[PDB]
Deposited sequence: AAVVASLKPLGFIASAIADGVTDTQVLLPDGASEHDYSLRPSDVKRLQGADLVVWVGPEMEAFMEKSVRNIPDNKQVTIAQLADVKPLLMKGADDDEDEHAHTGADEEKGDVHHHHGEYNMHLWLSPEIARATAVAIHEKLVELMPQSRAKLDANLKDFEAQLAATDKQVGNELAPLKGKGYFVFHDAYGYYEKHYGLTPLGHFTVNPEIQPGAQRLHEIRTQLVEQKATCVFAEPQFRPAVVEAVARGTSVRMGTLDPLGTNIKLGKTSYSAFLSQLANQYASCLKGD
């Protein structure tokens, strides 16, 4: 099996590995990067993998140690790929945005790297692997066209998010975020912080404020209350999407729908 650290990396790997080997996701969606410690059973899975796919030590810091013993020809470390360097832009404490799965261009380079490793590891399946890469790139191009068109009429509409993640996706499709607020998903900001957030919401003319699935509706409402800003939800992990050949294209389209759902009209 190919073992991917995070679900959207699973989406990409499952496009390339389809009909060749299973794709597995290491961690449940609810986990994170610095508090999370790997179970010995997780380490075993990594070492048993045909191929490990992860962003790298600036993102899944918790697995850097586990991945040292795995040979280079059995891992794709996305942040360290040669073709990914010119695609990086300025796990949140590092210098670069490491939410790399949100860049269609980085997804493409990831798929190429996965394909290349798999062909070396499983040359008996080269043709199927070539076919899978061909199909992934064709879907990505088609999705890219479709999403770009869905999001084009939304240009210029401002919004805030509770997570500085989406820059790769927003720059690529020409969305115009105003900025981000650090908000605890379980606990609303204090009186002073909330005042400052709410005034920026109105002052900067935001159409929407976007939360994520793990935010308690109460804290989102507390942020949006009084302002005339519509509330939205973005899911940067596509938690509801199953692994499979078409999953990464489905993820990019679902994210567009989530943006559009709050942003369009008014």
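Visitor: Mind pulling out the bits of the deposited sequence that never got modelled, as residue ranges from 1?
Guide: Missing from the model are residues 1, 92-113.
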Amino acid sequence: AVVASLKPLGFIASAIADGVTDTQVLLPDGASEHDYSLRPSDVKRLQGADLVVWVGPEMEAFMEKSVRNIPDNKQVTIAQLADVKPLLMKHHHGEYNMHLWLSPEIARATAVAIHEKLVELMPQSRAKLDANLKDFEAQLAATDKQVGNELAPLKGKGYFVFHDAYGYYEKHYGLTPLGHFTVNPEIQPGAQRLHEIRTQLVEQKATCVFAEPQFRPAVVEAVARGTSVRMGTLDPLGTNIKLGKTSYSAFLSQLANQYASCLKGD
From here on, numbers count along this sequence of modelled residues.
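Visitor: Out of 25-33 and 47-55, which one has CA B-factors that are higher on average in the deposited record?
Guide: Higher mean C-alpha B-factor: 25-33.
Visitor: Per the record, averaged over C-alpha atoms, which has the higher B-factor: 56-64 or 222-230?
Guide: It is 222-230 that shows the higher mean C-alpha B-factor.
Visitor: With respect to the C-alpha temperature factors reported in the PDB entry, which of 157, 108, 117, 128 ranks highest?
Guide: Of the options given, 157 has the highest CA B-factor in the PDB entry.
Visitor: Between 167, 123, 104, 190, which carries the biggest CA temperature factor in the record?
Guide: Within the set 167, 123, 104, 190, 190 shows the top C-alpha B-factor.
Visitor: By the record's CA B-factor, is residue 4 among the lowest, middle or highest third of residues in the chain?
Guide: It belongs to the lowest third of the chain when residues are ordered by C-alpha B-factor.
Visitor: Within this chain's modelled residues, let me know which third the CA B factor of residue 152 belongs to: lowest, middle or highest.
Guide: For residue 152, whose C-alpha B-factor we compare with every modelled residue in the chain, the answer is the highest third.
Visitor: Per the entry's values, where does residue 83 land by CA temperature factor relative to the rest of its chain, in the lowest, middle or highest third?
Guide: For residue 83, the deposited C-alpha B-factor lands in the lowest third.
Visitor: Relative to the other modelled residues in the chain, which third contains the C-alpha temperature factor of residue 95: lowest, middle or highest?
Guide: For residue 95, whose C-alpha B-factor we compare with every modelled residue in the chain, the answer is the highest third.
Visitor: Would you check the entry's CA temperature factor for residue 176 and let me know if it's in the chain's lowest, middle or highest third?
Guide: Highest third - that is where residue 176 ends up once the chain's C-alpha B-factors are sorted.
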